[PDB]
Amino acid sequence: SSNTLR
Amino acid sequence: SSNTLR
Amino acid sequence: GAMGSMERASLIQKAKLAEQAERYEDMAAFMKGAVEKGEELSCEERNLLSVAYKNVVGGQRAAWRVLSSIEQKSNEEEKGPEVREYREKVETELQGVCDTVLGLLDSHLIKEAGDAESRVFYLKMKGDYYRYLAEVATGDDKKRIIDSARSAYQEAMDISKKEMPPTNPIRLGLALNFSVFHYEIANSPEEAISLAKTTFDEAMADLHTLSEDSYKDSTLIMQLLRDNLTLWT
Amino acid sequence: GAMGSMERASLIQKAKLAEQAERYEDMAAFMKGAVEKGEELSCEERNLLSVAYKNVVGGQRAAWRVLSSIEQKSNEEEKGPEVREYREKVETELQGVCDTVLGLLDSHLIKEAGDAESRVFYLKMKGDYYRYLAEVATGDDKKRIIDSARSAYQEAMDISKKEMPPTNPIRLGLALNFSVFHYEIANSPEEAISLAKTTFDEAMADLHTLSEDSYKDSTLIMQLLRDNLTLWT
Ligand SMILES: [Ca+2]
Ligand SMILES: [Ca+2]
Ligand SMILES: [Ca+2]
Ligand SMILES: [Ca+2]
Ligand SMILES: [Cl-]
Ligand SMILES: [Cl-]
Ligand SMILES: [Mg+2]
Ligand SMILES: [Mg+2]
Ligand code: NA
Ligand code: NA
Ligand code: NA
Ligand code: NA
Ligand code: NA
Ligand code: NA
């Protein structure tokens, strides 16, 4: 699962 | 904080 | 009701899906629809109803506590009516959920519940949701709300002690929550402590009768009684 | 709109309260009301709008993924239409939230945003919510939805590279999300990797210009670029 801005 | 049934 | 056109079995199936997706508002609406079909609920269905509304009202209670704390601080710079207004909004929503659950119990879950396991479950739930109403009540009907919680818990206790063994998880969870009622709502910490200790000790002495799985179910709730006694003494 | 009678400042105040109470649906409704007052948003207000809808759609996306997984398994015993129906229900809700955000950006946040920091922020958001639409889209308008996300991200990138330093957190967060678009949506993992690596390296070389606080803001997002590169290579 890729990280996007939180 | 008192524990109640979860 | 918006669920009037859906099959009872489909509502129960979707309630289980909603639980897996942690969509508890959906889960509650599905189970409300299932209740309104008019048939009694099985043990598993009762626990779906309970899980759904407990999570919904749990989020509301947590938000109410955050906002109430901010409001109390504000009343120790003036920032207008917004904090009170929004706390009132969340409070009204919470009261609406409690009223909905109590309405389902009164129309007509409790009156058709004849077995101890169903009747105690529903009466405990009645006590629980009057207790949540009491948490936010101020003064005028606060006393009557507290007495409604007390009465429901007491009827549940009387049945559970007559009809259930001391290790029965429903009986244990009822005693746990009633003891917290005494401590947190009724200003009766000594009653809370006595109930928790007697419940724990009588369960301890009955554990030898249980299978491994039942032993695990009962000791899990007994640990919550002990956790409270550790906080309270 | 149900918020038409509330003061802009009161809506912003209640959005901040809702965030503290983790009531993100309320937070989103408050910020939608604030946007619809018609005035441009400050930097802090833009971040309230973003936080609110990101949490709302984040819960919907997580639930959709759970249900989609169950549905795909079911299609490998027949249990009727319920799984599909409920996945479709959540999907429609998700699409509605995305449409709402895109509607606010189109009427009229983007067209009045002239500064790089506001315009890039809103165009990134446009790309993000078309990307969330793309995650659930199947076939017919899937290509056009993907191109809408790509176009918004690309315009944001062009502005950010002209007007912002390589360590600017908005620029960095845009590059992060656009790289994930390439990897997850556009079937372009090499483009994703190249963008993440070039973004990281150009930020690295600009860190020496920053204060301690700005250095912390930029390196936090750079770590997310590196976390992805570790997953992808
Ligand atoms: Ca039927
Ligand atoms: Ca009956
Ligand atoms: Ca005004
Ligand atoms: Ca402008
Ligand atoms: Cl309000
Ligand atoms: Cl559905
Ligand atoms: Mg019996
Ligand atoms: Mg500049
Ligand atoms: Na019907
Ligand atoms: Na105010
Ligand atoms: Na009130
Ligand atoms: Na108005
Ligand atoms: Na079915
Ligand atoms: Na659909």
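Neighbour counts run over all protein chains shown; Cβ positions are idealised from the backbone, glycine included. Only the coordinates and a few stated rules stand behind these numbers; no lab work does.
The table that follows gives values for the structure above.
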| read-out | value |
| --- | --- |
| Inter-centroid distance (Cα atoms) of region D:174-233 relative to region D:22-48, Å | 28 |
| Within 10 Å of each Cβ in C:82-89, the average number of Cβ atoms from other chains | 4 |
| Ordering of C:31-38, C:142-149, C:211-218 by burial proxy (mean other Cβ atoms within 10 Å per residue, highest first) | C:31-38, C:142-149, C:211-218 |
| Förster radius 60 Å - calculated FRET efficiency between C:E36 and D:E212 (Cβ-Cβ, nearest 0.05) | 0.50 |
| For D:10-23, mean number of other protein chain Cβ atoms within 10 Å | 5 |
| D:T198, C:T233, D:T100 arranged by Cβ crowding within 10 Å, fewest neighbours leading | C:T233, D:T198, D:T100 |
| Protection proxy ranking of C:77-86, C:101-110, C:177-186 - average other beta-carbon atoms within 10 Å, highest first | C:177-186, C:101-110, C:77-86 |
| Unsatisfied cross-links (Cα-Cα over 22 Å) in the set C:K124/D:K89; D:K54/D:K126; D:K79/D:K143; C:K14/C:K89; D:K14/D:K54 | C:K124/D:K89; D:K79/D:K143; C:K14/C:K89 |
| Residue order, fewest to most beta carbons within 10 Å, for D:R23, D:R61, A:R6 | A:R6, D:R61, D:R23 |
| Residues D:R65 and D:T230, FRET efficiency given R0 of 30 Å [Cβ-Cβ distance, rounded to 0.05] | 0.85 |
| Ellipsoid equivalent to the protein assembly as shown - semi-axes via the Cα gyration tensor, in Å | 48, 27, 23 |
| Under 13 Å, Cβ to Cβ, from D:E191 - net charge with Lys/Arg +1 and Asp/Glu -1 | 0 |
| Within chain C, helix-based [θ] at 222 nm, where runs of 4 or more DSSP H residues each add -39,500 (n - 2.57), nearest 500 | -25000 deg cm²/dmol |
